[PDB]
file query_16.pdb (PDB, C-alpha atoms and all ligand atoms)
ATOM      1  CA  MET B   1      54.531 -89.214 210.292
ATOM      2  CA  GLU B   2      57.930 -88.317 211.759
ATOM      3  CA  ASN B   3      56.902 -85.858 214.504
ATOM      4  CA  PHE B   4      54.816 -88.541 216.171
ATOM      5  CA  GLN B   5      55.060 -91.936 217.810
ATOM      6  CA  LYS B   6      52.358 -94.315 216.649
ATOM      7  CA  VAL B   7      51.156 -95.728 219.946
ATOM      8  CA  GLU B   8      48.672 -98.131 218.355
ATOM      9  CA  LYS B   9      46.329 -98.649 215.420
ATOM     10  CA  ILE B  10      42.864 -97.531 216.490
ATOM     11  CA  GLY B  11      41.432 -99.269 213.446
ATOM     12  CA  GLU B  12      40.426 -98.494 209.881
ATOM     13  CA  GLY B  13      38.405 -95.347 209.297
ATOM     14  CA  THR B  14      35.915 -94.391 206.606
ATOM     15  CA  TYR B  15      38.766 -92.674 204.743
ATOM     16  CA  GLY B  16      41.944 -94.323 206.015
ATOM     17  CA  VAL B  17      43.756 -95.958 208.925
ATOM     18  CA  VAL B  18      43.639 -94.250 212.314
ATOM     19  CA  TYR B  19      46.449 -94.243 214.844
ATOM     20  CA  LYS B  20      46.656 -93.178 218.465
ATOM     21  CA  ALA B  21      49.865 -91.152 218.542
ATOM     22  CA  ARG B  22      52.035 -89.026 220.803
ATOM     23  CA  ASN B  23      53.453 -85.689 219.674
ATOM     24  CA  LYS B  24      57.173 -86.097 220.390
ATOM     25  CA  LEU B  25      57.245 -82.385 221.220
ATOM     26  CA  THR B  26      54.024 -81.295 222.949
ATOM     27  CA  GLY B  27      53.824 -84.820 224.361
ATOM     28  CA  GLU B  28      50.070 -84.666 223.767
ATOM     29  CA  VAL B  29      48.291 -87.878 222.770
ATOM     30  CA  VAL B  30      46.142 -87.562 219.644
ATOM     31  CA  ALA B  31      44.190 -89.524 217.058
ATOM     32  CA  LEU B  32      45.921 -89.419 213.679
ATOM     33  CA  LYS B  33      43.801 -90.188 210.634
ATOM     34  CA  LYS B  34      45.465 -90.973 207.298
ATOM     35  CA  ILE B  35      43.099 -89.956 204.492
ATOM     36  CA  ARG B  36      43.215 -91.844 201.180
ATOM     37  CA  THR B  41      43.947 -90.270 195.732
ATOM     38  CA  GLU B  42      46.674 -88.535 193.714
ATOM     39  CA  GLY B  43      47.132 -84.886 194.670
ATOM     40  CA  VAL B  44      44.251 -84.156 197.061
ATOM     41  CA  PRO B  45      41.637 -81.577 195.900
ATOM     42  CA  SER B  46      42.667 -78.192 197.303
ATOM     43  CA  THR B  47      38.936 -77.496 197.551
ATOM     44  CA  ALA B  48      38.794 -80.190 200.225
ATOM     45  CA  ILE B  49      41.843 -78.686 201.943
ATOM     46  CA  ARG B  50      40.080 -75.347 202.335
ATOM     47  CA  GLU B  51      36.872 -77.034 203.516
ATOM     48  CA  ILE B  52      38.708 -79.233 205.996
ATOM     49  CA  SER B  53      40.772 -76.267 207.232
ATOM     50  CA  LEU B  54      37.630 -74.285 208.019
ATOM     51  CA  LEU B  55      36.704 -77.045 210.463
ATOM     52  CA  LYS B  56      39.714 -76.322 212.706
ATOM     53  CA  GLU B  57      37.628 -73.359 213.852
ATOM     54  CA  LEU B  58      34.494 -75.380 214.636
ATOM     55  CA  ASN B  59      35.215 -75.738 218.353
ATOM     56  CA  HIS B  60      32.622 -76.967 220.878
ATOM     57  CA  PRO B  61      32.767 -79.200 224.000
ATOM     58  CA  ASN B  62      30.697 -81.883 222.293
ATOM     59  CA  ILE B  63      32.661 -81.880 219.051
ATOM     60  CA  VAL B  64      35.916 -83.829 218.759
ATOM     61  CA  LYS B  65      38.449 -81.076 218.113
ATOM     62  CA  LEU B  66      40.294 -81.109 214.808
ATOM     63  CA  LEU B  67      43.779 -80.029 215.912
ATOM     64  CA  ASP B  68      45.623 -79.955 212.582
ATOM     65  CA  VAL B  69      45.258 -80.692 208.890
ATOM     66  CA  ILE B  70      48.541 -81.722 207.278
ATOM     67  CA  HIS B  71      48.902 -82.054 203.524
ATOM     68  CA  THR B  72      52.394 -83.345 202.664
ATOM     69  CA  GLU B  73      53.770 -85.669 200.007
ATOM     70  CA  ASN B  74      50.298 -85.421 198.519
ATOM     71  CA  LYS B  75      49.091 -87.200 201.676
ATOM     72  CA  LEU B  76      46.396 -85.923 204.065
ATOM     73  CA  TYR B  77      46.664 -86.425 207.822
ATOM     74  CA  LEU B  78      43.968 -85.202 210.189
ATOM     75  CA  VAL B  79      45.025 -84.716 213.778
ATOM     76  CA  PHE B  80      42.224 -85.019 216.320
ATOM     77  CA  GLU B  81      41.635 -84.702 220.022
ATOM     78  CA  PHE B  82      41.869 -88.232 221.511
ATOM     79  CA  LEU B  83      39.060 -89.952 223.469
ATOM     80  CA  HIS B  84      39.411 -93.484 224.811
ATOM     81  CA  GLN B  85      36.180 -95.146 223.655
ATOM     82  CA  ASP B  86      33.325 -94.922 221.117
ATOM     83  CA  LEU B  87      29.605 -95.397 221.763
ATOM     84  CA  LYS B  88      29.445 -98.601 219.709
ATOM     85  CA  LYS B  89      31.992-100.231 222.005
ATOM     86  CA  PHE B  90      30.212 -98.808 225.074
ATOM     87  CA  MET B  91      26.800-100.082 223.953
ATOM     88  CA  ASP B  92      28.205-103.535 223.312
ATOM     89  CA  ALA B  93      29.827-103.445 226.754
ATOM     90  CA  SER B  94      26.501-102.361 228.299
ATOM     91  CA  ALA B  95      24.431-104.786 226.225
ATOM     92  CA  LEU B  96      23.495-106.996 229.190
ATOM     93  CA  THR B  97      22.175-104.374 231.559
ATOM     94  CA  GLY B  98      21.667-101.582 229.052
ATOM     95  CA  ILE B  99      22.847 -97.994 229.468
ATOM     96  CA  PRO B 100      20.934 -96.300 232.350
ATOM     97  CA  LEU B 101      18.230 -93.898 231.127
ATOM     98  CA  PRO B 102      19.802 -90.881 232.901
ATOM     99  CA  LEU B 103      22.999 -91.554 230.913
ATOM    100  CA  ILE B 104      21.175 -92.190 227.626
ATOM    101  CA  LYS B 105      19.439 -88.864 228.244
ATOM    102  CA  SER B 106      22.687 -87.072 229.096
ATOM    103  CA  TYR B 107      24.381 -88.379 225.981
ATOM    104  CA  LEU B 108      21.412 -87.492 223.723
ATOM    105  CA  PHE B 109      21.286 -83.997 225.276
ATOM    106  CA  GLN B 110      25.022 -83.408 224.712
ATOM    107  CA  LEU B 111      24.855 -84.767 221.150
ATOM    108  CA  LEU B 112      21.979 -82.379 220.401
ATOM    109  CA  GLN B 113      24.036 -79.461 221.763
ATOM    110  CA  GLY B 114      26.838 -80.530 219.455
ATOM    111  CA  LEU B 115      24.495 -80.712 216.466
ATOM    112  CA  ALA B 116      22.853 -77.385 217.335
ATOM    113  CA  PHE B 117      26.285 -75.758 217.333
ATOM    114  CA  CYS B 118      27.364 -77.352 214.061
ATOM    115  CA  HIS B 119      24.077 -76.668 212.350
ATOM    116  CA  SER B 120      24.139 -73.000 213.414
ATOM    117  CA  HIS B 121      27.527 -72.722 211.690
ATOM    118  CA  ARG B 122      26.087 -74.456 208.618
ATOM    119  CA  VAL B 123      28.088 -77.638 209.065
ATOM    120  CA  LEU B 124      26.478 -81.055 208.658
ATOM    121  CA  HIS B 125      27.834 -84.395 209.665
ATOM    122  CA  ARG B 126      25.947 -86.582 207.123
ATOM    123  CA  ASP B 127      27.330 -89.873 208.460
ATOM    124  CA  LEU B 128      26.552 -90.092 212.184
ATOM    125  CA  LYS B 129      26.870 -93.568 213.733
ATOM    126  CA  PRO B 130      27.727 -94.985 217.173
ATOM    127  CA  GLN B 131      31.304 -95.504 215.992
ATOM    128  CA  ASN B 132      31.901 -91.762 215.626
ATOM    129  CA  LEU B 133      30.417 -90.714 218.941
ATOM    130  CA  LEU B 134      33.332 -90.712 221.403
ATOM    131  CA  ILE B 135      33.099 -90.729 225.182
ATOM    132  CA  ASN B 136      35.409 -90.088 228.138
ATOM    133  CA  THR B 137      35.437 -90.918 231.834
ATOM    134  CA  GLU B 138      33.825 -87.594 232.795
ATOM    135  CA  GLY B 139      30.463 -88.405 231.261
ATOM    136  CA  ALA B 140      31.062 -86.334 228.127
ATOM    137  CA  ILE B 141      30.181 -87.542 224.621
ATOM    138  CA  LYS B 142      31.429 -85.904 221.445
ATOM    139  CA  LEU B 143      30.701 -85.995 217.716
ATOM    140  CA  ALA B 144      33.659 -87.033 215.536
ATOM    141  CA  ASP B 145      34.197 -86.421 211.811
ATOM    142  CA  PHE B 146      31.798 -83.495 211.427
ATOM    143  CA  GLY B 147      32.013 -81.913 207.979
ATOM    144  CA  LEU B 148      34.307 -84.533 206.430
ATOM    145  CA  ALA B 149      31.619 -86.063 204.188
ATOM    146  CA  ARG B 150      30.879 -82.730 202.510
ATOM    147  CA  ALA B 151      34.604 -82.264 201.915
ATOM    148  CA  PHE B 152      35.052 -85.838 200.642
ATOM    149  CA  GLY B 153      31.903 -86.827 198.755
ATOM    150  CA  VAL B 154      30.018 -90.051 199.475
ATOM    151  CA  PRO B 155      31.997 -93.255 198.633
ATOM    152  CA  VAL B 156      30.353 -96.711 198.776
ATOM    153  CA  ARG B 157      33.271 -98.277 200.664
ATOM    154  CA  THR B 158      35.805 -96.694 203.039
ATOM    155  CA  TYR B 159      38.197 -96.406 200.069
ATOM    156  CA  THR B 160      39.476-100.004 200.191
ATOM    157  CA  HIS B 161      37.050-102.916 200.720
ATOM    158  CA  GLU B 162      34.855-102.251 203.785
ATOM    159  CA  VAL B 163      31.043-102.117 203.927
ATOM    160  CA  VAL B 164      29.839 -98.677 205.050
ATOM    161  CA  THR B 165      26.819 -98.906 207.368
ATOM    162  CA  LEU B 166      23.472 -97.697 206.050
ATOM    163  CA  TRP B 167      21.644 -98.131 209.359
ATOM    164  CA  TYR B 168      21.591 -94.465 210.307
ATOM    165  CA  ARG B 169      20.926 -93.000 206.875
ATOM    166  CA  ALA B 170      17.929 -90.636 206.508
ATOM    167  CA  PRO B 171      15.177 -91.678 204.042
ATOM    168  CA  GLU B 172      15.655 -88.592 201.801
ATOM    169  CA  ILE B 173      19.255 -89.695 201.217
ATOM    170  CA  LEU B 174      18.062 -93.235 200.370
ATOM    171  CA  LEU B 175      15.465 -91.835 197.915
ATOM    172  CA  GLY B 176      18.280 -90.034 196.089
ATOM    173  CA  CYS B 177      17.816 -86.464 197.199
ATOM    174  CA  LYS B 178      20.890 -84.547 196.121
ATOM    175  CA  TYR B 179      20.702 -81.765 198.668
ATOM    176  CA  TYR B 180      21.058 -82.790 202.323
ATOM    177  CA  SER B 181      19.828 -80.624 205.140
ATOM    178  CA  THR B 182      20.656 -80.541 208.818
ATOM    179  CA  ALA B 183      17.687 -82.937 209.180
ATOM    180  CA  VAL B 184      19.775 -85.926 208.066
ATOM    181  CA  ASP B 185      21.788 -85.644 211.302
ATOM    182  CA  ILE B 186      18.675 -85.480 213.494
ATOM    183  CA  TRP B 187      17.484 -88.696 211.797
ATOM    184  CA  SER B 188      20.764 -90.531 212.455
ATOM    185  CA  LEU B 189      20.745 -89.383 216.082
ATOM    186  CA  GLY B 190      17.147 -90.544 216.490
ATOM    187  CA  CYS B 191      18.253 -93.989 215.247
ATOM    188  CA  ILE B 192      21.152 -93.932 217.713
ATOM    189  CA  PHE B 193      18.802 -92.835 220.525
ATOM    190  CA  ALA B 194      16.487 -95.812 219.803
ATOM    191  CA  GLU B 195      19.473 -98.164 219.744
ATOM    192  CA  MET B 196      20.778 -97.014 223.142
ATOM    193  CA  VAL B 197      17.301 -97.650 224.513
ATOM    194  CA  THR B 198      16.494-101.033 223.016
ATOM    195  CA  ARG B 199      20.085-102.278 222.771
ATOM    196  CA  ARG B 200      19.441-103.262 219.167
ATOM    197  CA  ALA B 201      19.875-101.293 215.927
ATOM    198  CA  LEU B 202      16.598 -99.700 214.876
ATOM    199  CA  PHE B 203      16.982-100.252 211.103
ATOM    200  CA  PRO B 204      19.791-102.696 210.361
ATOM    201  CA  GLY B 205      19.555-102.669 206.574
ATOM    202  CA  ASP B 206      22.113-104.664 204.628
ATOM    203  CA  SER B 207      21.396-103.040 201.251
ATOM    204  CA  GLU B 208      20.020 -99.613 200.353
ATOM    205  CA  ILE B 209      16.632-101.059 199.494
ATOM    206  CA  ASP B 210      16.590-103.277 202.561
ATOM    207  CA  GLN B 211      17.386-100.140 204.616
ATOM    208  CA  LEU B 212      14.542 -98.254 203.012
ATOM    209  CA  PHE B 213      12.072-101.082 203.374
ATOM    210  CA  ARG B 214      13.000-101.678 207.010
ATOM    211  CA  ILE B 215      12.231 -97.999 207.632
ATOM    212  CA  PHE B 216       8.978 -98.323 205.670
ATOM    213  CA  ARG B 217       7.939-101.485 207.587
ATOM    214  CA  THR B 218       8.247 -99.648 210.876
ATOM    215  CA  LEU B 219       7.165 -96.083 210.149
ATOM    216  CA  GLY B 220       4.809 -96.930 207.272
ATOM    217  CA  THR B 221       5.508 -96.434 203.558
ATOM    218  CA  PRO B 222       5.623 -92.648 203.126
ATOM    219  CA  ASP B 223       3.039 -90.913 200.940
ATOM    220  CA  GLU B 224       2.232 -87.365 199.842
ATOM    221  CA  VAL B 225       0.113 -86.875 202.988
ATOM    222  CA  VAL B 226       2.953 -87.286 205.488
ATOM    223  CA  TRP B 227       5.754 -86.267 203.121
ATOM    224  CA  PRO B 228       4.742 -83.799 200.362
ATOM    225  CA  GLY B 229       7.004 -84.312 197.385
ATOM    226  CA  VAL B 230       8.174 -87.808 198.306
ATOM    227  CA  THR B 231       6.679 -89.414 195.161
ATOM    228  CA  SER B 232       8.796 -87.093 193.014
ATOM    229  CA  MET B 233      12.097 -88.018 194.614
ATOM    230  CA  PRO B 234      14.803 -89.448 192.294
ATOM    231  CA  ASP B 235      14.646 -93.048 193.529
ATOM    232  CA  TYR B 236      11.020 -93.234 194.591
ATOM    233  CA  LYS B 237       9.097 -96.008 192.819
ATOM    234  CA  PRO B 238       5.278 -96.208 192.741
ATOM    235  CA  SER B 239       5.901 -99.943 193.065
ATOM    236  CA  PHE B 240       7.239 -99.669 196.656
ATOM    237  CA  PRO B 241       5.114-101.931 198.848
ATOM    238  CA  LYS B 242       2.727-100.029 201.109
ATOM    239  CA  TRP B 243       3.280-100.981 204.733
ATOM    240  CA  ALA B 244       1.176 -99.458 207.493
ATOM    241  CA  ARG B 245       2.870 -97.537 210.279
ATOM    242  CA  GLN B 246       3.561 -99.531 213.451
ATOM    243  CA  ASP B 247       2.643 -98.274 216.924
ATOM    244  CA  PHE B 248       5.587 -96.390 218.386
ATOM    245  CA  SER B 249       5.140 -98.083 221.777
ATOM    246  CA  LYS B 250       6.138-101.303 219.996
ATOM    247  CA  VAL B 251       9.258 -99.692 218.474
ATOM    248  CA  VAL B 252      11.273 -98.554 221.480
ATOM    249  CA  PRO B 253       9.791-100.285 224.507
ATOM    250  CA  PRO B 254       9.970 -99.496 227.318
ATOM    251  CA  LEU B 255      10.811 -95.831 226.691
ATOM    252  CA  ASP B 256       8.372 -93.434 228.388
ATOM    253  CA  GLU B 257       6.054 -91.145 226.429
ATOM    254  CA  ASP B 258       8.421 -88.122 226.722
ATOM    255  CA  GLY B 259      11.128 -90.203 225.046
ATOM    256  CA  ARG B 260       8.772 -91.700 222.474
ATOM    257  CA  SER B 261       7.432 -88.217 221.658
ATOM    258  CA  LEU B 262      10.918 -86.811 221.032
ATOM    259  CA  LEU B 263      12.002 -89.858 219.026
ATOM    260  CA  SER B 264       8.914 -89.581 216.831
ATOM    261  CA  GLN B 265       9.768 -85.962 216.062
ATOM    262  CA  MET B 266      13.351 -86.899 215.206
ATOM    263  CA  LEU B 267      12.088 -89.596 212.838
ATOM    264  CA  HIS B 268       9.472 -87.589 210.907
ATOM    265  CA  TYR B 269       9.729 -88.515 207.201
ATOM    266  CA  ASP B 270       9.523 -84.968 205.864
ATOM    267  CA  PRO B 271      12.983 -83.400 206.499
ATOM    268  CA  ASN B 272      11.053 -80.154 206.987
ATOM    269  CA  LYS B 273       8.839 -81.488 209.745
ATOM    270  CA  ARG B 274      11.745 -83.213 211.497
ATOM    271  CA  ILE B 275      12.620 -81.472 214.776
ATOM    272  CA  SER B 276      15.776 -79.315 214.810
ATOM    273  CA  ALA B 277      18.553 -79.922 217.357
ATOM    274  CA  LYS B 278      17.713 -76.565 218.974
ATOM    275  CA  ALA B 279      14.001 -77.341 219.365
ATOM    276  CA  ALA B 280      14.850 -80.875 220.510
ATOM    277  CA  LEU B 281      16.875 -79.484 223.415
ATOM    278  CA  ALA B 282      13.738 -77.786 224.738
ATOM    279  CA  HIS B 283      11.659 -80.985 224.626
ATOM    280  CA  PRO B 284      10.070 -82.054 228.019
ATOM    281  CA  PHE B 285      12.113 -85.263 227.779
ATOM    282  CA  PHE B 286      15.104 -83.201 229.009
ATOM    283  CA  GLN B 287      13.295 -81.600 231.961
ATOM    284  CA  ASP B 288      15.157 -83.857 234.429
ATOM    285  CA  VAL B 289      18.404 -84.174 232.450
ATOM    286  CA  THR B 290      21.583 -84.724 234.496
ATOM    287  CA  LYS B 291      25.202 -85.636 233.737
ATOM    288  CA  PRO B 292      25.974 -89.090 235.185
ATOM    289  CA  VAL B 293      29.452 -90.555 234.883
ATOM    290  CA  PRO B 294      29.660 -93.821 232.939
ATOM    291  CA  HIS B 295      31.409 -96.958 234.107
ATOM    292  CA  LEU B 296      34.298 -97.213 231.658
ATOM    293  CA  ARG B 297      36.759-100.080 231.596
ATOM    294  CA  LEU B 298      39.740 -98.802 229.608
TER     295      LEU B 298
HETATM  296  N1  LIG B 301      39.540 -89.383 218.105
HETATM  297  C1  LIG B 301      39.672 -90.644 218.645
HETATM  298  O1  LIG B 301      40.109 -90.746 219.766
HETATM  299  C2  LIG B 301      39.292 -91.762 217.905
HETATM  300  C3  LIG B 301      39.319 -91.674 216.476
HETATM  301  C4  LIG B 301      38.936 -92.775 215.647
HETATM  302  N2  LIG B 301      38.968 -92.668 214.357
HETATM  303  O2  LIG B 301      38.794 -93.731 213.599
HETATM  304  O3  LIG B 301      39.178 -91.494 213.765
HETATM  305  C5  LIG B 301      38.517 -93.990 216.262
HETATM  306  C6  LIG B 301      38.480 -94.107 217.678
HETATM  307  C7  LIG B 301      38.864 -93.003 218.526
HETATM  308  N3  LIG B 301      38.832 -93.111 219.826
HETATM  309  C8  LIG B 301      38.167 -94.242 220.563
HETATM  310  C9  LIG B 301      39.145 -95.353 220.930
HETATM  311  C10 LIG B 301      40.530 -95.072 220.996
HETATM  312  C11 LIG B 301      41.413 -96.128 221.337
HETATM  313  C12 LIG B 301      40.912 -97.422 221.603
HETATM  314  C13 LIG B 301      39.513 -97.615 221.516
HETATM  315  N4  LIG B 301      38.629 -96.610 221.185
END
call {"tool": "encode", "arguments": {"input": "query_16.pdb", "output": "C-alpha cells"}}
result
Amino acid sequence: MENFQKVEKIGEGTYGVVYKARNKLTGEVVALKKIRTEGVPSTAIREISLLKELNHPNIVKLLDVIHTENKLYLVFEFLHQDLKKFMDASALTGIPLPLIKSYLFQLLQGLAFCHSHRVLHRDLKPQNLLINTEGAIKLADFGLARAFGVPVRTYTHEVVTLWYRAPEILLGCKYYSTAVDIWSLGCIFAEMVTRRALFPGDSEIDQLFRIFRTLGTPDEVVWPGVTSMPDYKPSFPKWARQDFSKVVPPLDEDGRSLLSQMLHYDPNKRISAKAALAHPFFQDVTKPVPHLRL
C-alpha cells in the first residue's frame, strides 16, 4: 500500500502475493498478503476480522485486515523462515528428534487453542508453519480457508498441494471437522522424521491411493460410513495396511503410536490436539533452539 515499504516479495501465496514490509510509522516489519475478485464478500470480511482476536503464541498473529479499493490486504506478524525451507536445509542430517518433538508439541498447542475456539485451518502444510530463532514454531493462515472457500489453484495458475489433505476431504465430505488438521499435522510429523513427504500425491486420486497403499484401503470396519461418502467407489482397489514400523523408520514406538492415532481413518477416532498433548511421546519434551541461517 502507501503506509508501507515493500522490503521484498516473500513469494506467491494461496490467495495472492506476499510481501515483507515495514510500517513507515510504527517501524514494525510485517508480512503483507494481497488477497485476490470484484467487491470482496463482506461475509468473508466479518469472518476474517474475527480472527484478529485469535491470539496465541503458536499462531501467527493477524495484525490487521484492510479492505480498500475493493482490495483485501492481510497484515501478519513476520517470521523469518518456514518449515519447508528448514526441512530442506536439514535434509542431510535431518531435524534432531528433540526439535521435531518440540515443534510437534507447539503445533498441537496451537491447534488445541484454535479448535477450542471453533477455528479450523483446513490447509496445513510445511509452508505455513513459520519458525524463529528462539525455537518457536507457529501456524499461519488459520481460518482463511473457511472464509475463502476451496479453490483448485491459488487464484492464478499454481498447483495447490494435496499431500496433507485428510481422506474424508478427498472422499468428498462436505463438512470438515477439527480432525482434518490433526491429519495434516500427522503427515508433517512423518515428513520431519523421514525427511520425505508421507503421501506425495500428484492428483486427488493418486493422493487417495497413496494413502490407501500405506494405511490399507478403508472399509466399514475401520471407518463406519466410509462406503457412503460422496466420492467413494466400490471399485477402489483393496490394499492391505502396511506395518507402521516400515512407514516412519526409525521413529520409536511412542512416536509411532502417536502418529498412528493422528492418522486414524475415521475422523471420529482420530486423536484430538488436546489428547495428543498428553501422549507419552511428549513425556521428555524440551524446547531446543534450531540452527537457522537467515
Ligand atoms: N508471516 C510471514 O512471515 C510469512 C508469510 C508468508 N506468506 O506467504 O503469507 C510466507 C513466508 C513468511 N515468512 C517466512 C519467510 C520470510 C522471508 C523470507 C523467507 N521466509
call {"tool": "resolve_selection", "arguments": {"input": "query_16.pdb", "expression": "the PyMOL selection byres (((not hetatm)) within 12 of (chain B and resi 301))", "output": "PyMOL selection string"}}
result
chain B and resi 7-21+29-35+63-67+77-90+129-136+141-146+148+158+296-298
call {"tool": "closest_atom_pairs", "arguments": {"input": "query_16.pdb", "of": "segment 171-235 of chain B", "to": "segment 91-102 of chain B", "cutoff": "9 Å", "atoms": "all atoms listed in the file", "output": "CSV"}}
result
residue,atom,partner,partner_atom,distance
B:195,CA,B:91,CA,8.7
B:196,CA,B:99,CA,6.7
B:197,CA,B:98,CA,7.4
B:198,CA,B:98,CA,8.0
B:199,CA,B:95,CA,6.1
B:200,CA,B:95,CA,8.8
call {"tool": "atom_distance", "arguments": {"input": "query_16.pdb", "atom1": "atom CA of residue 126 of chain B", "atom2": "atom CA of residue 42 of chain B"}}
result
24.8 Å
call {"tool": "residues_around", "arguments": {"input": "query_16.pdb", "residues": "residue 108 of chain B", "least_positions_apart": "5", "cutoff": "9 Å", "atoms": "only C-alpha atoms", "output": "PyMOL selection string"}}
result
chain B and resi 103+113+141+189-190+192-193
call {"tool": "resolve_selection", "arguments": {"input": "query_16.pdb", "expression": "the PyMOL selection byres (((chain B and resi 207) around 12) and not hetatm)", "output": "PyMOL selection string"}}
result
chain B and resi 156+163-167+169+174+203-206+208-214
call {"tool": "atom_distance", "arguments": {"input": "query_16.pdb", "atom1": "atom CA of residue 123 of chain B", "atom2": "atom CA of residue 185 of chain B"}}
result
10.4 Å
call {"tool": "atom_distance", "arguments": {"input": "query_16.pdb", "atom1": "atom CA of residue 173 of chain B", "atom2": "atom CA of residue 268 of chain B"}}
result
13.9 Å
call {"tool": "closest_residue", "arguments": {"input": "query_16.pdb", "among": "B:176, B:43, B:241, B:61", "to": "residue 73 of chain B", "atoms": "all atoms listed in the file"}}
result
B:43
call {"tool": "resolve_selection", "arguments": {"input": "query_16.pdb", "expression": "the PyMOL selection byres (((chain B and resi 233) around 12) and not hetatm)", "output": "mmCIF file with C-alpha atoms, in the coordinates of the input"}}
result
data_model
loop_
_atom_site.group_PDB
_atom_site.id
_atom_site.type_symbol
_atom_site.label_atom_id
_atom_site.label_comp_id
_atom_site.auth_asym_id
_atom_site.auth_seq_id
_atom_site.Cartn_x
_atom_site.Cartn_y
_atom_site.Cartn_z
ATOM 1 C CA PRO B 171 15.177 -91.678 204.042
ATOM 2 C CA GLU B 172 15.655 -88.592 201.801
ATOM 3 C CA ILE B 173 19.255 -89.695 201.217
ATOM 4 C CA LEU B 174 18.062 -93.235 200.370
ATOM 5 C CA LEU B 175 15.465 -91.835 197.915
ATOM 6 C CA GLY B 176 18.280 -90.034 196.089
ATOM 7 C CA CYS B 177 17.816 -86.464 197.199
ATOM 8 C CA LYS B 178 20.890 -84.547 196.121
ATOM 9 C CA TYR B 179 20.702 -81.765 198.668
ATOM 10 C CA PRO B 222 5.623 -92.648 203.126
ATOM 11 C CA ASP B 223 3.039 -90.913 200.940
ATOM 12 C CA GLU B 224 2.232 -87.365 199.842
ATOM 13 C CA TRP B 227 5.754 -86.267 203.121
ATOM 14 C CA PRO B 228 4.742 -83.799 200.362
ATOM 15 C CA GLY B 229 7.004 -84.312 197.385
ATOM 16 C CA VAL B 230 8.174 -87.808 198.306
ATOM 17 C CA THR B 231 6.679 -89.414 195.161
ATOM 18 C CA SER B 232 8.796 -87.093 193.014
ATOM 19 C CA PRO B 234 14.803 -89.448 192.294
ATOM 20 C CA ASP B 235 14.646 -93.048 193.529
ATOM 21 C CA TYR B 236 11.020 -93.234 194.591
ATOM 22 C CA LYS B 237 9.097 -96.008 192.819
ATOM 23 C CA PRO B 238 5.278 -96.208 192.741
ATOM 24 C CA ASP B 270 9.523 -84.968 205.864
#
call {"tool": "residues_around", "arguments": {"input": "query_16.pdb", "residues": "residue 259 of chain B", "least_positions_apart": "6", "cutoff": "10 Å", "atoms": "only C-alpha atoms", "output": "JSON, numbers by chain"}}
result
{"B": [105, 193, 194, 197, 252, 283, 284, 285, 286]}
call {"tool": "axis_aligned_box", "arguments": {"input": "query_16.pdb", "around": "segment 109-116 of chain B", "padding_each_side": "4 Å", "output": "AutoDock Vina command-line options"}}
result
--center_x 24.1 --center_y -81.1 --center_z 220.9 --size_x 13.6 --size_y 15.4 --size_z 16.8
call {"tool": "closest_residue", "arguments": {"input": "query_16.pdb", "among": "B:116, B:140, B:251, B:170", "to": "residue 280 of chain B", "atoms": "all atoms listed in the file"}}
result
B:116
call {"tool": "closest_residue", "arguments": {"input": "query_16.pdb", "among": "B:267, B:49, B:57, B:246", "to": "residue 74 of chain B", "atoms": "only C-alpha atoms"}}
result
B:49
